[PDB]
Structure formats: structure tokens, C-alpha cells
Amino acid sequence: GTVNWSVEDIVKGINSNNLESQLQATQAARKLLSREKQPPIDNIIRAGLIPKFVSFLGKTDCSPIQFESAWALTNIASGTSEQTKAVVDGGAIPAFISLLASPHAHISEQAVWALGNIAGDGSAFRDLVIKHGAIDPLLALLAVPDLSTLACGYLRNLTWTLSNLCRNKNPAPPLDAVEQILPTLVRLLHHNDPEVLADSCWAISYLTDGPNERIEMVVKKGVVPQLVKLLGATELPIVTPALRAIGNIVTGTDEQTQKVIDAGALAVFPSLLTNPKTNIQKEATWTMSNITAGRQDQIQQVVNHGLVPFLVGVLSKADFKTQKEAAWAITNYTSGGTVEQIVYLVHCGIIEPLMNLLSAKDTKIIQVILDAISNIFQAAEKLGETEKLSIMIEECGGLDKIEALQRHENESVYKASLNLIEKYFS
Amino acid sequence: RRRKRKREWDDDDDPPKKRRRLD
């Protein structure tokens, strides 16, 4: 019936003055745009069909053509920025927002989806969707006593679109828009559907990626314990954004970081730091590095939770990206830690894997490692143990590695290493 | 004592910006 129409036929139907013919042709367009491979989005755009689809959105008297054009426009908007722009340029934004009030759940849902694609394109369209007043009617769709009464797919689409309104930076979303959205987000974060949880965590992760003021507005909503709970979920699609959000939060103030610790987050890290997915290990190690950049009492928590041997572990063997984060965690630890905490570090076996990493071509990690080594010597100086450390670095091949670095290209590298040698290795 | 290190930009693990409805 409406399967596999040429664009030409679609145009002919839509240009006819017969609403049924238009409906038929519009559905045909929807099916082209929904096919598995290479939807002919540009061809549809060039045929000049967008203004017609947009006008069909306003036809309250013919709900099916509203649905079909909503669906077609949604899929056009799912493409490149230029393709999304064509949809916006046609006046689709306010028309879609008007459809959020539709008595037909399947039409309202489709409009939710479309606005998600538009906002998803980037900051400008995101903020334009907000300026057109999308937030109030979107939130109103979620104003029910129990989210469980909503159709599952419907709730998922709502959550996803809301997460796109929280997404992107340069600039980040308007503060008042974030305040307006947050209480619903907190609520979605306690829902029991895995996809709603995943997308809610993504939204929280976007919101906490920025200046400490941004983190604060999320953290004061009391979501950290729930985020930590989700950190221990069995679904990787939940753990991943939950962990990204926890990582973002510990980039904040000592107080913001302490909330993460207080909520029991550190107890999950033996699993995270040995997680089969390398991206989880990397994010988790990055997180640890920002925690070891914290207060001495926060470093002590890392110690108490038995996490230092886990850091020695990733420093010893992990993908290179994770190893670099491990190196950072060590330099941060030795910069902020007490002498005793630093001594503990050496006793866990940090020295050997630390030295082995000096074979890395990465110039930045070499700097990180040399610094850490400097910091550890400074602690051994307070204890008069400098020579015990020199010998330790000597026997694992470290001194050989420091020696060569004297001839390294980078200025601070050979300078840092020359200092080490002519000081502790003479 | 060092400063915190904010997230460095990247879209790799990041989920899709947009969704096309197939059915």
C-alpha cells in the first residue's frame, strides 16, 4: 500500500488537495524514513516536503496525519545538524510543543521524541527548544502519583528527551531550566526501569560536568546515595553513566567529594578497578585520582578501604589510558598525603610498577611519574630513609630509566631527572 | 597538594545524540 514509494509519488500525493491522499503519501514518507538502511533524508528535504509535514502537525481533525508527519519529521531531525536545521527552519519546534498536549498518547510521545532529536543536536537548538517553552509541558506529562502507571516506552522517551535538555556545554543549559528539571530527574533516578535509570544517570552526569556551582545544584538534591547504589548495578549501561557522574562530582570541592565517600562509594571500587570493561577501569581510576587529590582524611579513607593495592594493580597492568590515570592518582596521593600514608604506599609495592612505566613514550606521564618519585624521596628525607629508596629504585631497574631520561627531549623531563640523580643517586 | 582534574572532552562512551524511529 504505502511501502516503497518513490519520492516523486510522495510529492504527488502530498501536493494533491485530498487529505486522504496526503495522509497516504505522508505515511509512505514515514516508511522510507524508517527503513533499515540509508533513509533518503536529503531527497525528502530537497523535494520541499518539510513545510507540508509541519502544517500537517496542526491538523487536529486528522490525528493519523499528525502522527505520520510527526514520525517523518522526527526521523529527518535524527540526521546531521543540517538535516535537523531543516526541520527547525520549517517551524517544527512550537508545532511539536503544541502536540505535547495531544489527547493521543502516541502523538504526544512522538512529539517528545522529535524535541529530543532537536535538542540533542547541540547547545543552540537545545536552548531554542527551551525558549519555546518545552519544559513545562514535558514535565507535566510526568506529574503523576506513580511513574509505574505510565506506558514503559513513553516514560523512556520522556526521560531520554529530558536528558538531552540537560546535555552539552559551551554553554551549559540555563540555570533556571536545570533547577526546573532536577526534581523530576531525582524522581526518575528512583524508578525501576533499567533504561530510565541509564538515561537519568546520563542526565545527572551531564549536569555535574562543569564548574563546582553546577555540581552543587545537583548534589544538594541529595542524589549521591542513589548514584552510589546505581554504581553497584549489574547493568553496564547503568554503571557507566552512574560512574561518570560520581567521577564528575569528586572533581568538585572537598565537601562535595566527601558526600561521595560518606555514601559508601569507595566500597565498590575493588570491583570497578578490576572491571572487565576497560572504560570502567579508566573512569574508576580517574575518579580515584581526584579523590587522592583530596584531604589527608580522604586519602586515609582510600587507605582504609584497601584501595591502594588496587591502585598498585592498575599501575602494574591495565590498558595504557588507565595506567596514566593510575600514575596521576599516585602523584596526587604523594602530593597531598602524610609521610605515613606515603610510606604505606611504598610498602604496598608502588615503586616497581611506577618505574616500569618510565619506558612509556608519553611525555606527560613521565613528568607525572618523576614528580611522584620526587615526592616520595621528600618523605624519605624526613625519615632519613632516602638510601633505602635509592636502593629500591636501583634494584628494579629504575635508576637505569632515570639515567636515560637525562637525555630526554622535553626540558622539564631531563631537568627533573638530573635533579633526582645528582641528589639521591650520588 | 594538587588541584582536581575536570573531565577532558570526548564523545566515545557518550550515548547517541539522536534517535531514528524504525518501527
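Throughout, a chain's letter reflects where its sequence line sits, starting with A, and its residues are numbered from 1.
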Check each atom of A:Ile215 against the heavy atoms of chain B and say whether the ones under 4.5 Å are side chain, backbone, both or neither. side chain

Taking it one step at a time, do A:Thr251 and B:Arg7 satisfy side chain to side chain contact (heavy atoms under 4.5 Å, CB included)? CA-CA 8 Å; A:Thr251 75; B:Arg7 181 174 298 280; 5.9 Å; no

Which bit of A:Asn164 comes within less than 4.5 Å of chain B, counting heavy atoms only: side chain, backbone, both or neither? side chain

In short, A:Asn168 meets B:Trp9 closest at the heavy-atom pair ND2-CH2, 4.5 Å

Please report the C-alpha distance between A:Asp121 and B:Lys18 in whole Å, then the side-chain angles of each, then the deciding distance to 0.1 Å, and finally whether the side chain to side chain contact (heavy atoms under 4.5 Å, CB included) criterion is met. CA-CA 7 Å; A:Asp121 178 76; B:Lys18 303 177 190 176; 2.9 Å; yes

Applying side-chain hydrogen bond (donor to acceptor under 3.5 Å, both in side chains) between B:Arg19 and each of A:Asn157, A:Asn75, A:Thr161, A:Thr74, report the one that passes. A:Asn157

Does NZ belonging to A:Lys364 count more than 12 external heavy atoms closer than 6.0 Å? yes

Side chain from CB out, backbone as N, CA, C, O: work out which of these in A:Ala77 comes under 4.5 Å of a heavy atom of chain B, or both, or neither. backbone

So, the part of A:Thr292 with a heavy atom under 4.5 Å from chain B: the answer is neither

Provide the closest heavy-atom pair for A:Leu33 versus B:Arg20 in the form atom of the first, atom of the second, distance. O-NH1, 3.0 Å

Interface moiety of A:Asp199 toward chain B, non-hydrogen atoms closer than 4.5 Å: neither

Evaluate the criterion side chain to side chain contact (heavy atoms under 4.5 Å, CB included) for residue pair B:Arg21 and A:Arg30; output intermediate values, then yes/no. CA-CA 10 Å; B:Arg21 183 181 180 160; A:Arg30 175 269 282 185; over 6 Å; no

A:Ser289 versus chain B, the contacting section by heavy-atom distance below 4.5 Å: side chain

Atom OG in A:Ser78, atom CG in B:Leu22: separation rounded to 0.5 Å? 9.0 Å

Give, as side chain, backbone, both or neither, the part of A:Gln296 having an atom under 4.5 angstrom from any heavy atom of chain B. neither

Cut-off 4.5 Å, heavy atoms of chain B, and the answer for A:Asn117 is both

Quick check: does any side chain N or O of B:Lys6 sit under 3.5 Å from a backbone N or O of A:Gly210, one acting as donor and the other as acceptor? yes

Ranked by heavy-atom pairs below 4.5 Å to chain B, first place among A:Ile118, A:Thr240, A:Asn279, A:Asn375 goes to A:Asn279

For a quick test of reading the model, state the closest non-hydrogen atom pair linking B:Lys17 to A:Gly120 and the distance between them. CB-O, 3.4 Å

Determine, stepwise, if the pair B:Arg5 / A:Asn290 fulfils side chain to side chain contact (heavy atoms under 4.5 Å, CB included). CA-CA 7 Å; B:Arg5 291 156 62 242; A:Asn290 275 324; 4.0 Å; yes

Structural part of A:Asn212 lying under 4.5 Å from a heavy atom of chain B: both

May I ask you to decide whether A:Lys277 forms a salt bridge with B:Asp13, counting only side-chain N to carboxylate O separations under 4.0 Å? no

Assess whether atom CG of A:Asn170 is packed by more than 12 heavy atoms of other residues, nucleotides or ligands within 6.0 Å. no

Which answer fits A:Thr287, side chain, backbone, both or neither, if we ask what part of it has an atom under 4.5 Å from a heavy atom of chain B? neither

May I ask you to name which of A:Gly294, A:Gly247, A:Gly116, A:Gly122 has the most heavy-atom pairs under 4.5 Å with chain B? A:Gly294

Does CD in A:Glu82 sit with more than 12 non-hydrogen atoms of other residues, nucleotides or ligands closer than 6.0 Å? no

To check you understand the geometry: which heavy-atom pair defines the closest contact between B:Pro16 and A:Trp160, and what is its length? O-NE1, 4.3 Å

Can you measure from CG (A:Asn332) to NZ (B:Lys4) and round to the nearest 0.5 angstrom? 9.5 Å

Do NZ/NE/NH1/NH2 and the carboxylate oxygens of A:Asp254 and B:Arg1 come within less than 4.0 Å? yes

Counting heavy-atom pairs closer than 4.5 Å to chain B, which one of A:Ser335, A:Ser163, A:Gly336, A:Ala198 comes out on top? A:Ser335

